[PDB]
Amino acid sequence: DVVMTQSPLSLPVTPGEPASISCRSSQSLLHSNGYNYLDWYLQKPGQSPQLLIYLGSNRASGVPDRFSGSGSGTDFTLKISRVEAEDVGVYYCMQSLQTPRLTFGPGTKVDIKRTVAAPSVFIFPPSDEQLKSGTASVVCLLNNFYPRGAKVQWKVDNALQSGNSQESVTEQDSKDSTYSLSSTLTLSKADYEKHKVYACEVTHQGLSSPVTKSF
Amino acid sequence: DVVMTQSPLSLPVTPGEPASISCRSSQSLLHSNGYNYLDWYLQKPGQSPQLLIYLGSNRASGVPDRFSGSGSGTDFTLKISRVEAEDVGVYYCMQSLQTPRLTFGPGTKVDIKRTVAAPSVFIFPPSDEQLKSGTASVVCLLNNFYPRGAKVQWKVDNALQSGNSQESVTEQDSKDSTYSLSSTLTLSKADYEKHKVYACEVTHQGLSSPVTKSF
Amino acid sequence: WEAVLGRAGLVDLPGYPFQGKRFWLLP
Amino acid sequence: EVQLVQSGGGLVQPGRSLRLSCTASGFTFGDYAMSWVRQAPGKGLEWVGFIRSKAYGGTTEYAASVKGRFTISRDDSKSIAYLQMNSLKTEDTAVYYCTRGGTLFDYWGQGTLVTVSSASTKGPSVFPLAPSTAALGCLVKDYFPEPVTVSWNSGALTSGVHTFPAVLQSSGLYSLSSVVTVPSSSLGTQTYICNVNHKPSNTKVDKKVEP
Amino acid sequence: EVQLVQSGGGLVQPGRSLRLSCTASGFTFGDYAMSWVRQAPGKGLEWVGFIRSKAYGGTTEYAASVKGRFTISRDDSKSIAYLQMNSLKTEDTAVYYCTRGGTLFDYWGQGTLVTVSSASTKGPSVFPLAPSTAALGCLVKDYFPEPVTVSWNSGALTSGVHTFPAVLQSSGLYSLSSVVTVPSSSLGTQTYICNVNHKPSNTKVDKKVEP
Amino acid sequence: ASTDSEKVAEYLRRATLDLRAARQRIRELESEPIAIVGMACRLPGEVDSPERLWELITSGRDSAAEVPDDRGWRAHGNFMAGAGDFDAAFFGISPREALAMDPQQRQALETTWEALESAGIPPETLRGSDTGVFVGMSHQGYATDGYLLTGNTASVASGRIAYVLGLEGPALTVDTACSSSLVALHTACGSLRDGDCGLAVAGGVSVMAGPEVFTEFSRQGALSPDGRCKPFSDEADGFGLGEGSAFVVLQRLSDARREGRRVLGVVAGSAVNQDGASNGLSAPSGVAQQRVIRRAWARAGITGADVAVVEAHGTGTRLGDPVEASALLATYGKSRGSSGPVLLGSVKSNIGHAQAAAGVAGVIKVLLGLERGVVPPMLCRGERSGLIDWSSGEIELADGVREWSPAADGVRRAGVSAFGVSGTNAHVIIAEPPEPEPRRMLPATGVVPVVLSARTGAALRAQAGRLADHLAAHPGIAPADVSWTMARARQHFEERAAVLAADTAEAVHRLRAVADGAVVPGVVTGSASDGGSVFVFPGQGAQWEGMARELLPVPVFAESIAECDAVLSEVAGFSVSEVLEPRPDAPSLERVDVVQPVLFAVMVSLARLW
Amino acid sequence: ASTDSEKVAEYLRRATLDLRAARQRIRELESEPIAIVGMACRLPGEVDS
Amino acid sequence: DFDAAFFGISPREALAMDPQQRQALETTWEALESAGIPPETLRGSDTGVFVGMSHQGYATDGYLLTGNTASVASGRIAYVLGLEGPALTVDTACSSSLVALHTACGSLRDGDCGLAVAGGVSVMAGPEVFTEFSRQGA
């Protein structure tokens, strides 16, 4: 009964080239008055959201005219005629047939296109000074990869860990358009001392086989 | 209960000068969405009607920009910043709070302004050839007056007639901006023969006293 | 100078004082 | 460009039927309600009815003076709106406009005259309004159908001429009067002749006017 | 020009209350619904609620996760929209945006961060990720509040440096890691020092990294 | 939970809001006012500055004189004093190329610079900028040593300005004769509105250089013997030849408001047309002049009744003037609508016919009057021409001191004309400027710095003297305005000075000390080197009674002194403020363990102020 | 007898139609193609046409 | 070569006329014929003239000033053909005729004129230009 709307999750784009994002609903968004109740929004990185298109295909004044919406019924498309670097961020299509909208959905993450780059993987064992405190943080660095979506598992004695690691990911680099990840496995000194084999298995598109780094 | 809307009945205007027409409703035309449900239309002489303004103050594309609407609630005004000769005709303000609209109302008749001119009055007795047929038409001409609204009564033996006269009025003259009227009293020959005193009394603004022309 | 004093208004003061020699070709 | 080309009117005897067409072009006909508005000779604009767009049900509303006699239809494949008039009356004589929209009439057609009369074609009778500045003229009486044209001295005399709108008498026949104001030198080698011309009855009359 | 200037956030302990303001300018505030939307760190846009314009009743709707705890108000005389947050939780930590409109959000404010934490100010502990192209870095652990800045060789070394977004550990304290990739000539008169700086606890640390 | 009515309410509102923006964009593209942000004028009558032009005309003086001998020429005209003078060094031009350079080129380069200074733009900020150059000019015969082709092509008069100043918008020279500079103005407003450039210099220049023009008009018979133009007078007997530079700086009004530019006036609309099939190639057409006046009204959205002043072409020709008066009577003279009679004049009565510079010289006059609310006066010699019908009373010559009175729009407007012998006509509506409505360390001062700058020492002293004369001539000009202008609205060259004063009288007195080589109390001088500053912190010896007590207010200063107070109070028994501010039982400045920490505090705090 | 939804339907449609015209006018003022309808050339090489 | 009679010009004025003026007048006519426009329909019309041109030295019998001013190269076409749009001569050197074209498209788009003639003309007439470039070496 409740309407849902789907899009492509991530879209690399190339400045000077057209790009396009599809949106599809479970049910027609066409109203008796002849308009499609479908709006497009964009949040640039570290900026507030902005309206691009309302009612399927009306561009809002002040939105650059390289943006256009089209489609009807259940299939809608937002087009950038020629992409500019400033267009990165997350685009959302929002139906307004059924309100309120609890969330904006996951959107489409738009970054700058480049060739597949595998992560260079480094493990770092806990410094001694930190061990003269009571906690052991071990860090796995995934450096300079593209696209996002590297995964890391931790394995102590070829046994998988859970709920003791935290990740963080940089933004797209301005020069080489890559990403870096950071994985911190945190345990009490006691635990760390109860083991010897500490490693991080890294999975990514540019890696044909999982890559593991051990102590 | 039913909404009504009033305006000025006739407006002489002067090309190169501003003009203005008021419209007033019995009841507020403001809608919850913030718009006044009031449209303006114009029918030029011998032309089809056209839309000038919708929703109180939006000018329709293609309407000359010297036209504007304003007002809110119960008092609305259509303004021509500088009148052009081509602006003559009838302007209507149409509420759309209550539909259908059975009629457009009497509108505002807009003609070209000039000084008051009294009608030159001529009576013409029936031609003889027409009397060799069975009917007698007697014509009263009201020539070159301004503004419209000359009245004519027929009087046979200082007794008023009714339902035996027909009027017709020219359009505004292109040169001197005046109007001419035509009053035809039609009776059977018998009747005409049963009388002697035939006259037409003319009333108008430029006449200080009623002017009568007799046989 | 704007941080120190603030912003005031432009006034029509004389422009640069050009130091011209004469040049007039006589062909 | 947006176009609403009308067609289908003319003369028609009372009680008969008549269907007007409105052919749209330059826009998506099926998206609009379409309305018919009429104007009797000399009088105001009077609403006849409209049909909604299909998206709003394609349903119709009518004025009381035509309900059950007139019906509105539309054909979105040919982009045509129709008015079907039945049991016509003389009171239904008017110019009929179709117009885009059911509440906001933002584009109108050229309009179509419908004359409802049982009169038969008939030539005019011309009588002169002898010049009792002097005024003389011609009374063009009892013709059908319209129009009838009048000129003075075969178009030489145009200054001071007023030809009046025709009126429709109770007989169902039309009458028009033409007048010209002339210098009271009404004999000084100035003969005045009105030239009346009624094509629908093959009539051409020239009349002199004088006391 | 249209403006929606926000103000009124910051740090606040769980269970307390906090009121955000949204001051409108450049348009007729009273004509618009106004809505509040929030974004938890790293996550999506989540609807909080809105108040209608007075013309539509000036009534309010809320998301289930804030109903009874948050309330939206407006003051059309000062052209201000308010969010009154009560019984705050750590889960209510987010950037809060007011936005013009209740269905079409056609203008947004700069947003206001609300951090809900019972943590006390605390300086970081810096540990070096010795360079086991070589990779070394600094682990800036267990501080509060944000931010903390890191540079390398007092800003001389900028090529190959990635400082990572801070993470919030179960303790309620933040941890950040900075790394730099350097030529394996890690001794050739190239001493590497990360400069970490935490103003909210008056801390300035310099650390060397090496095997 | 939102009704359909509420949702469609918000889309409708957005659609009509988008429609308002679109239609405002349409109006901008077609008719945005162009702000006049700067103006310069080197014209006959010893007029080196727009303000000199005001003085000449409110003083009823003209400029006709016998031909100069400096040029290689019963002969009178209107000549510029320094037509031949040129600072070649300033622009990086060798004296060899400067000699070969048409004076028209040289006067344009110098007057453009002054226009940029009048607009408060330091020309270095425009390097690599998007700035166009539109010069109305006509070829004259100066060369009839090398660089002579580049020094005499018309195209280089506009491009040389682009090259020297590093401008990258369009650079055009245009020739429509006496209309050339108003056509240049018209083209530049079109260029701005099209976004071809973001700033434009427009105007015109002419200098009588070769034998032709003066003797060519004598045989032709259009010259007056006095060399005086008597426009609209029964003593009209031809025009007096003239010359000059006249340039304006043009910017889209929206950009000028946004950058906080002082606006002198706006081009509200202009039109350019042609006589077409007239009584002859050089014959003016009265109907063509009505067409162009009415087109200018159209593009400014005004009617004749809204203009109170007309600056006419007014050449002083017996049969030229009635044609122009006829065309004005049929436009401005009708439908006056109880706005009072339109006031008519022509700067040509005072400076002669400046040829390609005539039109912008008229704009400059009109702007001068708009500054002051005063109708710009014209000489008006003798009686009104018997060949013209002032019976209506709706046109009157701008005889003397008249209050310039606004229209129903409360706006003061003028119309400016220029008609060419080739037949190309121009009319521009100049309106008064819209209302302009809209943090200091070292806060309270009392006194005020005035900085000066020039390429050489003698130029520096000349700038000091001329600013001294200007301030003596115009008392009541706010000293904060002189200072900010001299500091921010001027470019800074290598040789510099500054005078520090509390009142205009002290500034004049110290500026004149700089004009001489004088070393007086409030005066400093030096030359600007790059190489960087070394801050020097000495040893023992700097202490004095409550040193820098007066600086304790300045917030950035007192801020620093506060941190020293905290730190020094924990480490020693006392604080810095106790020692510097009045000392109520505070440590003695004679103690080495107080003077050194207190000096430390004052030097760190001073360095932070710096 | 016309629902509020139907009336506001026709005003919205008119507003966006007016908006399309406005933005087409903007494009015309800025970038309308200029047709080259004629050309003549008297150039070297005995090129009179 | 110039058909002075065609344009109502006396052979005295035609001799005094810069060939640049004469070639512009004849080529403009042919452009109007190439556009299929009978030039009489343009009399009193709203038509602009934009000539890219540079002063050369042809006269170094009367009508010699009107026959050699650059401004008259555009205005003479307006006069002969009775055109009432803007008439400009513009000099940007080798770019002069494309600048003339650029200005005319701006003028059309602004509605200053409804038709425009644009182009450029040059004829080597005076001693300078040929020997001036020889010494220059280009």
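- What the deposited record gives as its method is X-ray crystallography, and the resolution it gives is 2.6500 Å.

## Looking at the overall build of chain D
Turning to step 1, where the next piece is worked out: On a plain count of helices and strands, chain D comes out with 0 helices and 19 strands.
Turning to step 2, where the next piece is worked out: Here chain D has a C-alpha radius of gyration of 22 Å; the compact-globule value for 211 residues is 17 Å, and the former is much larger.
Turning to step 3, where the next piece is worked out: Overall size of chain D, expressed as C-alpha extent along the three principal axes, is 75 × 35 × 25 Å.
Turning to step 4, where the next piece is worked out: By element, 49% of the accessible surface of chain D is carried by carbon and sulfur atoms, the whole surface being about 9200 Å².
Turning to step 5, where the next piece is worked out: Distance from the positive charge centre (18 side chains) to the negative charge centre (13 side chains) of chain D: 5 Å.

## What about the environment of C140(A)?
Residue and element names in this part refer to chain A.
Turning to step 1, where the next piece is worked out: With respect to the secondary-structure elements, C140 resides in strand 12 (residues 135–145).
Turning to step 2, where the next piece is worked out: Its relative accessible area of 0% is what places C140 among the buried residues.
Turning to step 3, where the next piece is worked out: Taking the C-alpha atoms as reference points, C140 and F124, 16 residues apart in sequence, are found 6.4 Å from one another.
Turning to step 4, where the next piece is worked out: What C140 contacts, discounting residues up to four positions off in sequence, is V121, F122, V152, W154, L181, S182, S183, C200 and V202.

## Quick notes on the interface of chain E and chain A
Turning to step 1, where the next piece is worked out: Residue-level contacts link 38 residues of chain E with 40 residues of chain A.
Turning to step 2, where the next piece is worked out: Of the roughly 2900 Å² buried at the junction of chain E and chain A (both faces included), carbon and sulfur atoms supply 63%.
Turning to step 3, where the next piece is worked out: Three residues stand out in chain E for area buried against chain A, namely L45(E), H162(E) and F164(E), and they jointly supply 20% of the buried area on that side.
Turning to step 4, where the next piece is worked out: For the pair chain E and chain A, the number of links is 1 salt bridge.
Turning to step 5, where the next piece is worked out: Close ionic contact of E129(A) with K207(E) constitutes a salt bridge, the shortest N to O distance being 2.9 Å.
Turning to step 6, where the next piece is worked out: Linking chain E with chain A are 15 residue pairs in polar contact, by the criterion used here.
Turning to step 7, where the next piece is worked out: Contributing elements (two or more residues each) for the side of chain E that touches chain A: strand 4 (34–39), strand 5 (46–51), strand 12 (125–129), strand 13 (134–143), strand 15 (161–163), strand 16 (167–168) and strand 17 (174–182) of chain E.
Turning to step 8, where the next piece is worked out: When its residues are assigned to classes, the side of chain E that touches chain A shows 21 nonpolar, 12 polar and 5 charged.

## Quick word on the domain arrangement of chain D
It is common to report an interface's size as the accessible area lost on association of the parts.
Turning to step 1, where the next piece is worked out: Under the domain assignment used here, chain D contains domain 1 (3–116) and domain 2 (125–209).
Turning to step 2, where the next piece is worked out: The centre of domain 1 of chain D, based on its C-alpha atoms, is set 37 Å off from the matching centre of domain 2 of chain D.

## Brief notes about the interface of chain C and chain F
Turning to step 1, where the next piece is worked out: Chain C puts 27 residues into the contact, and the matching count from chain F is 65 residues.
Turning to step 2, where the next piece is worked out: Here chain C meets chain F over a buried area of about 4000 Å², counting both sides, of which 63% is carbon and sulfur.
Turning to step 3, where the next piece is worked out: Its salt-bridge partner being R262(F), residue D12(C) comes within 3.1 Å of it at the nearest N-O pair.
Turning to step 4, where the next piece is worked out: Inspection of the region where chain C meets chain F yields 19 residue pairs in polar contact.
Turning to step 5, where the next piece is worked out: Broken down by secondary-structure element, the contributors of at least two residues to the side of chain C that touches chain F are helix 1 (2–5) and strand 1 (21–22) of chain C.
Turning to step 6, where the next piece is worked out: A per-class count over the side of chain C that touches chain F returns 17 nonpolar, 5 polar and 5 charged.
Turning to step 7, where the next piece is worked out: The pairing of strand 1 of chain C with strand 4 (residues 85–86) of chain F spans 2 bridges and is classified as antiparallel. Within strand 4 of chain F, the residue paired with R22(C) across the bridge is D85(F).

## Considering the packing of helix 2 (residues 19–34) of chain H against helix 3 (residues 70–81) of chain H
All names here are of chain H.
Turning to step 1, where the next piece is worked out: Interhelical geometry of helix 2 versus helix 3 gives an angle of 50° and a closest axis separation of 9 Å. In terms of orientation, helix 2 lies oblique with respect to helix 3. As for how helix 2 packs across helix 3, the hand of that crossing is right-handed. Along its contact with helix 2, which presents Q21, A24, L25, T28, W29 and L32, the element helix 3 presents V72, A73, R76, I77, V80 and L81.
Turning to step 2, where the next piece is worked out: Along the lines of polarity and charge, the residues of the contact of helix 2 with helix 3 split into 9 nonpolar, 2 polar and 1 charged.

## Some thoughts on the pattern of salt bridges
Turning to step 1, where the next piece is worked out: For the structure shown, the criterion picks out 73 salt bridges over all chains.
Turning to step 2, where the next piece is worked out: Among the salt bridges present, the one from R69(D) reaches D92(D), with a minimum N-O distance of 2.8 Å. Of the two residues, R69(D) is situated in the loop between strand 6 (60–62) and strand 7 (70–75) and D92(D) in the loop between strand 8 (80–85) and strand 9 (94–100); the sequence distance between them amounts to 23 residues. As far as the burial class goes, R69(D) and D92(D) line up, both buried.
Turning to step 3, where the next piece is worked out: As a salt-bridge pair, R38(E) and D92(E) come within 3.2 Å of each other at their nearest N and O atoms. Taken as a pair, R38(E) in strand 4 and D92(E) in the loop between strand 8 (80–85) and strand 9 (94–100) lie far apart in primary sequence, 54 residues in all.
Turning to step 4, where the next piece is worked out: Of the residues examined, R38(E) reaches a relative accessible area of 4% and is grouped as buried.

## With respect to the side chain of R14(G)
Turning to step 1, where the next piece is worked out: Locating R14(G) in the fold gives a position in helix 1 (residues 4–31).
Turning to step 2, where the next piece is worked out: Taking the relative accessible area as the measure of exposure, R14(G) reaches 6% and is therefore buried.
Turning to step 3, where the next piece is worked out: Residues contacting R14(G), with those up to four places away along its chain left out, are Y54(B), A60(B), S61(B), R100(D), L104(D) and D106(D).

## Quick word on the sheet that holds strand 17 (residues 523–527) of chain F
Residues and elements named next belong to chain F.
Turning to step 1, where the next piece is worked out: Here 3 strands make up an open sheet; going across it, the order is 15-16-17 and the pairing antiparallel. Two strands lie at the open edges of the sheet, namely strand 15 (448–454) and strand 17, each paired on one side alone. Strand-to-strand twist across the sheet, computed as the mean angle between neighbouring axes with direction ignored, equals 15°.
Turning to step 2, where the next piece is worked out: Relative to strand 17, strand 16 (residues 495–501) runs antiparallel, the two being bridged by 5 bridges. The residue of strand 17 that forms the bridge with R496 is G526.
Turning to step 3, where the next piece is worked out: Sheet strands touched by helix 13 (residues 457–473): strand 15 and strand 16. Its angle to strand 15, the strand with the most contacts, is close to 135°.
Turning to step 4, where the next piece is worked out: Relative to the sheet, helix 15 (residues 504–515) contacts strand 15, strand 16 and strand 17, its axis offset from that of strand 16 by approximately 150°.

## Examining the sheet that holds strand 7 (residues 67–72) of chain B
Residues and elements named next belong to chain B.
Turning to step 1, where the next piece is worked out: As summarised here, the arrangement of the 4 strands in space is 1-3-8-7, forming an open sheet in which the pairing is antiparallel. In this open sheet, the two edge strands, each paired with only one partner strand, are strand 1 (5–6) and strand 7.
Turning to step 2, where the next piece is worked out: In this sheet, strand 8 (residues 75–80) lies alongside strand 7 in antiparallel orientation, the contact comprising 6 bridges. Following the sheet pairing, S68 is matched in strand 8 by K79.

## A look at the arrangement of the chains
Turning to step 1, where the next piece is worked out: The highest contact count of any of the 14 pairs of chains in contact belongs to chains C and F.
Turning to step 2, where the next piece is worked out: Separated without contact, chain C and chain E have their nearest C-alpha atoms at a distance of 24 Å.
Turning to step 3, where the next piece is worked out: Chain H makes no contact with chain D, the minimum C-alpha separation between the two being 22 Å.

## Here's the deal with the environment of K78(E)
Residues and elements named next belong to chain E.
Turning to step 1, where the next piece is worked out: Position of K78 relative to the elements: it lies in the loop between strand 7 (70–75) and strand 8.
Turning to step 2, where the next piece is worked out: What makes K78 exposed here is its relative accessible area of 55%.
Turning to step 3, where the next piece is worked out: For the pair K78 and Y96, spaced 18 residues apart in sequence, the C-alpha separation works out to 20 Å.

Calculation notes
Residue labels here follow a simple count from 1 along each chain's written sequence instead of the entry's numbering, which may differ, and residues missing coordinates are not shown. The order in which chains are written sets their letters, starting at A; the order in which ligands are written sets their numbers, starting at 1. Taken from a larger assembly, the chains shown here are the sole basis for all values reported. Side-chain metrics rest on all non-hydrogen atoms present in the structure, leaving aside hydrogens and water. Residues with missing side-chain atoms are left out of burial classes, side-chain pairs and their counts. Per the convention used, a helix needs a DSSP run of H or I reaching at least four residues, while a strand needs a run of E reaching at least two, with both numbered from the N terminus. Radius of gyration: over C-alpha atoms. The globule rule applied is 2.2 Å multiplied by the number of residues raised to the 0.38 power. Under the convention used here, a 1.4 Å probe and the Shrake-Rupley method define accessible areas, while residue burial counts only the protein chains that appear. When charges are counted, neither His nor the chain ends are considered; positive counts come from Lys and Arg and negative counts from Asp and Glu. By convention, the charge on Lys lies at NZ, on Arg at CZ, on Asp at CG and on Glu at CD. Exposure categories follow from relative accessible area, calculated using a 1.4 Å probe and restricted to protein chains: below 20% of the type maximum is buried, above 50% is exposed, and the middle band is partly exposed. Residues are treated as being in contact if the distance between any of their heavy atoms lies within 4.5 Å. Buried surface area refers to the total accessible area, computed with a probe of radius 1.4 Å, that the two partners give up upon joining, counted for both partners together. One side-chain nitrogen of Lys or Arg within 4 Å of one carboxyl oxygen of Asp or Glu is enough to make a salt bridge. Each polar contact in these results corresponds to two N or O atoms within 3.5 Å; when the atoms are within protein, one needs to be able to donate a hydrogen and the other to accept it, and residues that are neighboring in sequence are counted only if both atoms are side-chain atoms. Put simply, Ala, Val, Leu, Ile, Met, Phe, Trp, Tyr, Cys and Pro go in the nonpolar bin, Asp, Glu, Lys and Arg in the charged bin, and everything else, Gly too, in the polar bin. Note that the domain bounds were set by an automatic or database domain assignment. Pairs of strands are assigned from DSSP output, requiring at least two bridges between the strands. Angles shown run from 0 to 180 degrees and are taken between the N-to-C directions of axes, each axis being a line fitted to C-alpha atoms and, for helices, limited to the stretch in contact. Just so you know how the angles are binned, under 35 degrees is roughly parallel, over 145 roughly antiparallel, 65 to 115 roughly perpendicular, and the rest oblique. By definition, any crossing whose near helix is turned counterclockwise from its far helix by less than a right angle is left-handed, and any crossing with a clockwise turn is right-handed.

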